[PDB]
Each structure stands twice: as C-alpha cells, then as structure tokens.
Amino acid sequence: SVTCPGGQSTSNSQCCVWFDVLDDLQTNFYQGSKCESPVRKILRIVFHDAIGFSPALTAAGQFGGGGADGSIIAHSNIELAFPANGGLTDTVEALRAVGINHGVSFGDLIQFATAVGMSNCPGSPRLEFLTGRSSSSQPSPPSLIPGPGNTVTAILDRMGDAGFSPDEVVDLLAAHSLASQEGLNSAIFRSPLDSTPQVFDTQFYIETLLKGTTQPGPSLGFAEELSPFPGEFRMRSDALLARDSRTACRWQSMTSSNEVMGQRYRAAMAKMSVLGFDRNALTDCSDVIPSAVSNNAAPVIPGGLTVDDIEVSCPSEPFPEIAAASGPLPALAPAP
C-alpha cells in the first residue's frame, strides 16, 4: 500500500498521478462529474482507439494496429479523418491537453477517462483500471471500425478477429444505454438510443427488441430503422444484432438484470482495454475509480407497450420476466 502526496491511499505508487487526472476531468472535461455528451463521446473514442487491432492484418504481412495505444489522439490527423470518427475533434483535443499536462500516456488516459466517465452515470459498474501502456503508437490501419451499415457477419468477423466472441460483442454494446446519434440523421440531432441515455441500464436491449413502428425524423436515415416511439433512434446494426440467430440469445438475457449486464460489460471492457498489450505488464489501479450512484429502478417495457410487442428472437430460451409500465407512449427529448 501507498499514500499519495494528496493523502489518497492506493495499491501502487503509479496510481497516485491518476488522482490528479480524475480531479481535472471531473472538474473540466465533465463539467462537474456529469453524465452528458463528453462521457458518450469518450465511449466512442475508447472503442475506436482499441479496435484498431487486427491479428489477421499482421498475419497477412501488414501492420495490424496497436490496439488501446491512444493512436486516435496521437495520430488524430489521420484517424479523425476516418468517416467513423466524425464529431470527435473537440473531445480529442480536450483529452490531448489533459494528457500532456499531466504527463500520462494517451492510451492510459482514454481508458481512465472511460472508467471515470462511467461513474458519472447512475447504474454503471465500476470498470477495472490498469496503468502502464506505452506512450508511443502508430496510426491505426483504416477500415477497422465496424459500422452501422455493416452486416452482422461483417461486424462479428471484424470483432472476432480483434479477439471478441459474438456474446462479447453484444456485451460491449451495453454502452448504447448511454447514447444518442448526431450524424446519422442530423435532422434529429442527439436522438437517444434508449429512454434513459443518462442511466446505465437494460433499457437499450429491451427497446431495440420492440417492433419498429416509428420514424422520429422527416426521413429514415441511411443506417436508421423504425423505432418504438418518438425521439428514439434505432441504428440498423443494433436492430439486426438483436434479431440475428448468432447473437439474439445473449441480447435477450441482457434485458432482465442491471447487475448481470454490468458484470458482462465490465468483463468485456477489461478485455478491450488490453488489446495489443500484456495484462501482466500493467499495474492495477482500479481503486482510483469512484462508484456510480445506484440505479434502484427495475427494467420495464415503456409506454403501455407489453411484452407481446417484443420480437422474441431467441425462443429456444425462456424470455425473462420484466415489469410493464403504463402509457402513454413516450417521446424522448434529445440527450443532454
């Protein structure tokens, strides 16, 4: 054990510098430890930075990518040019300063900012945090980020290559529980992906399984599908992953328990944090991460909609018991 200059107790001396970052982020980046756009933007960044890792590319005789090496910040000039990394310039430049200023690696900062950002949203699990990733990285190979226009096979092959199973792909997507879209359908900027974009819960999995009956904007975006109610946006890849035979059962079990969903996500996020790295070579500083406020609310089927409105895609397994909320049907306001 060690006590930092600030008095904080921690499991290792290199966990001490992190208490100053945590202080910085919460105060400025997060405008007061808040669960808004910054946290959602950072979640896109952590996924997009880590996923630039392909053992298959390497085998083919090409640079496969450095995984969670912070190249998205280190080589933003190249990476932010990728169509998948739109609307991230400011989050990146914001993170770059914090990183330099505090002298921490970009790969560690992104991973740290993620665990910290998650704590600002009610119901989030306490994501593990390891420190010690090299500060040096190369730009990520293009075309390594799965898109909403991609097929389930495309997405699973890409994610499988990176090291994730179909079930883990579903688990990582629990992140869409705190999300919205700004560039898929600009007409309805920031339309939430679920009824609670500020609460880490199972609503995302539940609501994506409801029958698509609503077009929230003047038109149906390129990679957009009908949603269950006004204000909610449904991404084509999410709609397909929820119903595909290869992933439907995992998606289905992720609707009943907030704790289980949280467990699986944390296990998945911990997997993604060390892509291109050796766990043994990193120092655990998980104790620097604050706990998120509890989510006592239980899973429910929104606005007078019943379980019979759910398009059950894994009938081989019993559909979980979930409370049903009375109407009227909701109309989501844009994500804060």
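Heads up: residue numbers just count along the shown sequence, starting at 1.
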Per the PDB record, is the mean Cα temperature factor higher over 152-160 or over 218-226? 218-226
Mean C-alpha B-factor higher for 87-95, or for 235-243? 87-95
Chain thirds by Cα B factor, record data; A268 belongs to the lowest
Quick check for you: using the entry's CA B-factors within this chain, is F106 in the lowest, middle or highest third? middle
Please place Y205 in the lowest, middle or highest third of its chain according to the CA B-factor in the PDB entry. lowest
Sort the modelled residues of this chain by their C-alpha B factor and say whether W251 lands in the lowest, middle or highest third. lowest
Lowest, middle or highest third of the chain for the C-alpha temperature factor of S326? lowest
